[PDB]
There are 2 protein chains.
Amino acid sequence: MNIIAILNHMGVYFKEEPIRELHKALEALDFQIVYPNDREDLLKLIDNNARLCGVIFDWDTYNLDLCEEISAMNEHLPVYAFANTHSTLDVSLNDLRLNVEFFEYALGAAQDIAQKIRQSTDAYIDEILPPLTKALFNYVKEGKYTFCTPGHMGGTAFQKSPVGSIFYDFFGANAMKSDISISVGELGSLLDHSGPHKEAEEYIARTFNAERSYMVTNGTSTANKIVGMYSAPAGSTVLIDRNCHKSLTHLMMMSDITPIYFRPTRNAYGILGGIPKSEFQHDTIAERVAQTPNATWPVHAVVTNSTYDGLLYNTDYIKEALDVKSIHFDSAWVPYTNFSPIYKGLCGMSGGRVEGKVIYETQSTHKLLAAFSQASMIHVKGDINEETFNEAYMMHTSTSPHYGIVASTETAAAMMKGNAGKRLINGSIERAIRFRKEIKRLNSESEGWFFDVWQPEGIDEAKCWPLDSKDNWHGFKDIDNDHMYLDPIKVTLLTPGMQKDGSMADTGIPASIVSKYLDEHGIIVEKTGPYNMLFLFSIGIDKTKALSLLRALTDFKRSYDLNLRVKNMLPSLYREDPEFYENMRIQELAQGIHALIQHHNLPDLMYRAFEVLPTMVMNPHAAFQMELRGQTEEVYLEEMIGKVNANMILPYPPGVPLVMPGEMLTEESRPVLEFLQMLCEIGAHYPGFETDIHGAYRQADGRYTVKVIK
Amino acid sequence: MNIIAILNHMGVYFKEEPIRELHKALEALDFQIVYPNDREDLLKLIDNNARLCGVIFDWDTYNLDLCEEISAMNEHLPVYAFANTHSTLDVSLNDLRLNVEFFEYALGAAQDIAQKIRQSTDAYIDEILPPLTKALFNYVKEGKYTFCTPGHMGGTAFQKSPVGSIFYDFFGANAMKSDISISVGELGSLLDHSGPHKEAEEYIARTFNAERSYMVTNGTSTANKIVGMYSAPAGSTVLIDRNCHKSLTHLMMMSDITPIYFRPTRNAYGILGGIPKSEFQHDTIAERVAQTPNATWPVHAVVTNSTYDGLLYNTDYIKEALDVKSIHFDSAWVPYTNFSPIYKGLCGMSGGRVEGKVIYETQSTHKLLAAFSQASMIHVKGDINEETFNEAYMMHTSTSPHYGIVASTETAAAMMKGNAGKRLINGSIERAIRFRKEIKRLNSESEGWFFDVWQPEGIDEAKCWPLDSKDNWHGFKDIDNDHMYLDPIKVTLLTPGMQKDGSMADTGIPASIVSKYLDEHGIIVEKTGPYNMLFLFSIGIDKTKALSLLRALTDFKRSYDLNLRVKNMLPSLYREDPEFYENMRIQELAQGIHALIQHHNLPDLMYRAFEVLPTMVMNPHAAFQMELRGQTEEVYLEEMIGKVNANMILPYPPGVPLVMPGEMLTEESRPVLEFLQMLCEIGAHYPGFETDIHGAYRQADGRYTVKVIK
Ligand SMILES: Cc1ncc(COP(=O)(O)O)c(/C=N/N[C@@H](CCCCN)C(=O)O)c1O
Ligand SMILES: Cc1ncc(COP(=O)(O)O)c(/C=N/N[C@@H](CCCCN)C(=O)O)c1O
């Protein structure tokens, strides 16, 4: 934060000479000076360089409308106007609202003006930094000696070791110096919500539109467990989105809570849809309660919003219609919903208090904002017993939190404020929409096959596009209207191989091949389904990366159409079993995988296996407890029918839990088993494309076993 | 060739100032000046830096005995003595034989003296360069434009191409400019023996103690074919060393000559021994002639000297005892025998003319001297029809010889001249002997197994050590005395696994594992047997490389004793087959290979298969002609018995021809087949350690087939 832009070349010595002296004095104060040629140049510099901490210009040449243009980009950026002919009578109230400091031209005044500019820069830095992060940085500047944990003592231990010194050089001194503990009393305590931490929490709650907020240093998995434990005592009944992250299943294995499942939808691609509106109704829930043994009226409900693939619920209807006192929106994938009006009504914290209810949002700050991994947030709107919640919170948080992760959470909040933060979010959305339109254009002008994008036909303006029953782009049958919306940030590209009616074509390109090719060429996809690839167009994606992705996709298409050899196209895959992949070409491998998928009818089996719910014989807690008592046996996959499962079976694809612990496959649930059996067969043909079934175990002979209650 | 050493730091201006001015003038003439501190420093500088082209010293400080010391290292190196108090009366006749030029101290004389020194340096360069190489370099200096072959026109074509430019940058401009053809008339012609080429030949014949010499640009394989085709007309009988290179078999395949085989010996390691003296006798040859169909008294004889493993014959006894008018010594591995008295009587060109006989030596200049690959020599001592020999010569030589290869042959000859060349050869021999002694000392010091060296006990002084029937180090049974000698240059290291009596030990380390480890650590062995590794301590081996090899061997021993994992110890082997080599450790792999070798009794089968000669049914020419007519069939190995072989079977180990084309395996020759069958089994257990049988073909099912006369 040390770049100062000087805008003029004035042609009079009485201005130029003081400006040259000021240049020298500022450089003595450790500033880097840049010289834009004109106002458009300056505005571009500001747009492209966030380290620009100040602008100097001549008030005679440029009016204060230049300050208005600067402030529209960054309302806190200090601007220094040098006055010669203008006086106090030439400024208006609106002008005086801007962060402008006025100086005059004089020989010998460079030193005090530079001192004033240094003070203003420090004030700018202080204004944009959040309280905890500022306190941490100031403590580091103090350079105190520690005889307390952590044992590396501000990085000293690393410097005394060869390999430690390599680690220290990689991560840098500041990262080590800022790794501290609650022995440093001036920073307060996260667990006690004291000092700067308290301020941070309030800061976050204000930025994220929450009544209360909590920083979590072990991910949204831990955040979910905190919320669930506070909300669902033992013996209670909980409504669970069947498209729940396995953290919720872990919570159920930990606490003796009886689940009743919301049933979401799916399309032919295996992309998860939303829970239909009828599942939120009182009568449906009551009937399910009546049929479920040891079930009562639910005290807590958990809904995944958004889905992994970017489908958001209209949350106003859910908050109105779900007759449960506590509603928890697992919003891991959408921590940005408060920072753009296009998400209004599509997030848990949207709007005000719901009478008689408490709404939680759990957000993964590290997933789609800028924070270190494991940084997570809990947002609460509604009445809670603060002390009991604090107990549930401390039960899952370490007594030695990583201060860097905490500071990054606060800093993500700070990055979201003001004109600069609005530009960040809006720019990310606009970039995603431009990329989507470009994919559509390239697909249109492609002579043969090209990548498609999963979206409505005519996207024009930045918004969350509704899923409507008439349109068939989304592939969901008989979907409720004004219910599901697509987040433009989450871009799903489709490889050829599936027809528009839900069947698969004669030829196809499985998306795993494309993801491997992209990895070989320096591009990492978020995830890959059978014929879809997910790309996150977050605030960390710039034009360079998007254009590079387009170039990589066209390169893959050209290489595939030339039918290159796997040894050349995919060398790392070839290094897996070089004997198998000799003289094997790309089109043959792709067609073999596609024909294996088709012959086994993978889409129909995947769809049917997730449409029938396996029978719940005991809650996951009881089954897990019996597994802890060593009362389970490993049996083969063909014998699952009638056996109570001890473990969650989570297959990829589609990447969502298929069997929960305590559930039993009956005859009416046989397709589940068939699907799994199928995943075994297809997984045993091409190295590098192995089966991936959590909860199943590959034996030495190549068969698969599962653990069941003995 | 531009480094000038100035030796003094005097205390008088009338000397120092002219020397400083001379420094400046010489640097203007593109010389690099160095300043040794004392005479011992200067002598070390000369010893270590062959680019030192001149020495300047003060005659007052140092007498001309310094010039004697310099000349003992390089008798052509120019020395410039500055005279102040000494006069013409202070030089003796012996002193005036040294290459000393005398100057005086005077201000303003630096330019003239520097010009004289430049002329002397040019004279030195001209004196040590051989004629053809000098002519080639001068032509390149002329920079003529070519409209003739080669088509790259002195490298211009490469410069006009991107990838061509990469190639040109790698090999350099001079390499391209010197690639010329006989369209350049001033260089003469290799095929015509005209101009510089003629001079070169004479130069070579003088340096290598031959009456006539020929340069060959397609290796000693081509040299062997030239000699053989001149010496053995169709229908003649030739005596052939059974340990013959495949080139002699190729000659027999193209020429209708009937062979009778010298039988060499072998030891338990599979190292080839020498032909016993009785095989050279008239009675044995006559008896073999009377039993071979269509055999007459031999007109030509071919003997491999030395063997690959460094065993040299006493060639005087052979020249006296072999009653054949033409004797060809295939001396590919020993081109250096004329340049050290320790090889006296152990090479084909040793001594004078043998009355009534012609002696040939074929030498691979590129193998053990300094020449580009494919550079070879033919040396002739005795009467030949020069015109017929010239026909045999050109009918194996291309009309577009590579001038670089030819020049490198001549330059290797030039490198062998004078005090510098004698120092080269003697230094290489002493270096080899020091390494051998160090291996012995390290083996004595080792606690447990260590590498051994194949040599007699207590080698002391530089010589070719005789193989005697009393000693058992060589492992040859009932060897004639004063017959075979070991070349110290060829260093054979032994890994544990074989006992001193020829039996197989209970534990062993196959040498292929050591060679793979050495390759992984930047050291390339010449070749590897089952329990032996061959290292060539040529004139290209210095102290740095020998110490590096010792360190690598001790590192291997330490790593093996720690029993490291193959994944870490041998990464490339693991990458050959990652599934097989996961979690395998080095000791297990070595012991498995050793037990495979022992259980099949590889040494006994190897020895027995090469002790009985397969029956000749037709000469190799007839069998090869039948193969060219399509009258061969592919059969399996177990059906070998009774089938005339169409191709040479040459297995590794022991790396020498086992079956010749036209030979047939009978019941009495069954062990040969057994050995081969054994090799097949041995090669089918460890990836990276596959079977290697030339003339056998591995089928898809894994079996092996050979081609036989239908
Ligand atoms: C809906 C939902 N709720 C909570 C969490 C846990 O949040 P934390 O991971 O912060 O504890 C995740 C995590 N989802 N992440 C992926 C793998 C990681 C991403 C790889 N680029 C998964 O587990 O399926 C979630 O999807
Ligand atoms: C005795 C003998 N006479 C002639 C020749 C042919 O001489 P050219 O190779 O110049 O045509 C060779 C060649 N022997 N070379 C090795 C492999 C190359 C060396 C690897 N570092 C072999 O063939 O087994 C020979 O041993």
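Computed over heavy atoms, backbone and side chain alike; hydrogens, waters and symmetry mates excluded. All ligand and atom numbering here is 1-based and tracks the order in the structure. All chains are named by letter (A, B, ...) in the order of the sequence lines, taking the proteins before the strands, and each is independently numbered beginning at 1.
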Worksheet item: Backbone, side chain, both or neither: what part of A:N224 comes under 4.0 angstrom of ligand 1, heavy atoms only?
Response: side chain

Worksheet item: Mind checking whether B:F329 and B:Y313 have ring centres under 6.0 Å apart?
Response: no

Worksheet item: Can you tell me the protein heavy atom closest to atom 8 (P) of ligand 2 and the distance?
Response: B:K367 NZ, 3.3 Å

Discussion item. Show me which atoms of ligand 1 lie under 4.0 Å from any heavy atom of A:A332.
Written reply: 2 (C), 3 (N), 4 (C)

Worksheet entry | Side-chain donor-acceptor contact under 3.5 Å, A:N224 with A:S247 | yes

Practice prompt. Give yes if a backbone or side-chain nitrogen or oxygen of B:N218 is under 3.5 Å from a nitrogen or oxygen of ligand 2, and no if not.
Written response: no

Practice prompt. Answer yes or no on whether B:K527 is positioned over the face of B:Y308, meaning its NZ or CZ is under 6.0 Å from the six-membered ring centre and within 45° of the axis.
Written response: yes

Worksheet entry | Distance-minimising heavy-atom pair for A:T528 and A:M533 | OG1-CG, 3.8 Å

Worksheet item: Among all protein non-hydrogen atoms, which one is nearest to atom 17 (C) of ligand 2, and what is the separation to 0.1 Å?
Response: B:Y308 OH, 4.6 Å

Discussion item. Please verify the inter-ring angle class for B:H328 with B:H300; under 30° counts as parallel, over 60° as perpendicular, anything in between as tilted.
Written reply: parallel

Discussion item. Under 4.0 Å from atom 22 (C) of ligand 2, can you find at least one protein heavy atom?
Written reply: yes

Worksheet, complete the sentence: Of A:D330, A:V525, A:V656, the one whose closest heavy atom lies nearest atom 3 (N) of ligand 1 is A:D330

Worksheet entry | Sub-4.0 Å atoms of ligand 2 with respect to non-hydrogen atoms of B:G219 | 10 (O), 11 (O)

Worksheet item: Does B:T265 reach the main-chain N or O of B:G274 with its side chain, forming a donor-acceptor pair under 3.5 Å?
Response: yes

Worksheet entry | Taking atom 24 (O) of ligand 2 as the reference point, the nearest protein heavy atom with its distance | B:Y652 OH, 4.1 Å

Fill in: Donor-acceptor pair, side chain of B:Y230 and main chain of B:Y393, under 3.5 angstrom
no

Worksheet, complete the sentence: atom 13 (C) of ligand 2: closest protein heavy atom, distance to 0.1 Å, is B:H245 NE2, 3.2 Å

Discussion item. My understanding is that only one of A:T397, A:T365, A:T362, A:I378 makes a side-chain contact (heavy atoms from CB on, under 4.5 Å) with A:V216; could you say which?
Written reply: A:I378

Fill in: Ligand-side contact atoms (ligand 1) for residue partner A:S364, heavy atom cut-off under 4.0 Å
7 (O), 10 (O)

Worksheet entry | Nearest-contact summary for atom 26 (O) of ligand 2 - protein heavy atom, Å | B:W333 NE1, 2.9 Å

Worksheet item: Got a donor-acceptor contact below 3.5 angstrom from the B:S331 side chain to the B:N305 backbone?
Response: yes

Worksheet item: Just heavy atoms, cut-off under 4.0 Å: does B:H366 contact ligand 2 by side chain, backbone, both, or neither?
Response: side chain

Discussion item. Could you tell me, atom by atom, which parts of ligand 1 come under 4.0 Å of a heavy atom of A:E526?
Written reply: 19 (C), 20 (C), 21 (N)

Worksheet item: Is any N or O atom of B:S221, backbone or side chain, closer than 3.5 Å to an N or O atom of ligand 2?
Response: yes

Discussion item. Any heavy atom of A:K246 closer to ligand 1 than 4.0 angstrom?
Written reply: yes

Discussion item. A cation-pi test, strictly: NZ or CZ of A:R242 under 6.0 Å from the centre of the six-membered ring of A:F262 and no more than 45 degrees from its axis. Yes or no?
Written reply: no

Discussion item. Checking the side chain of B:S538 only, and the main-chain atoms of B:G540 only, is there a donor and an acceptor separated by less than 3.5 Å?
Written reply: yes

Practice prompt. Give a yes or no on whether atom 19 (C) of ligand 1 lies under 4.0 Å from any heavy atom of the protein.
Written response: yes

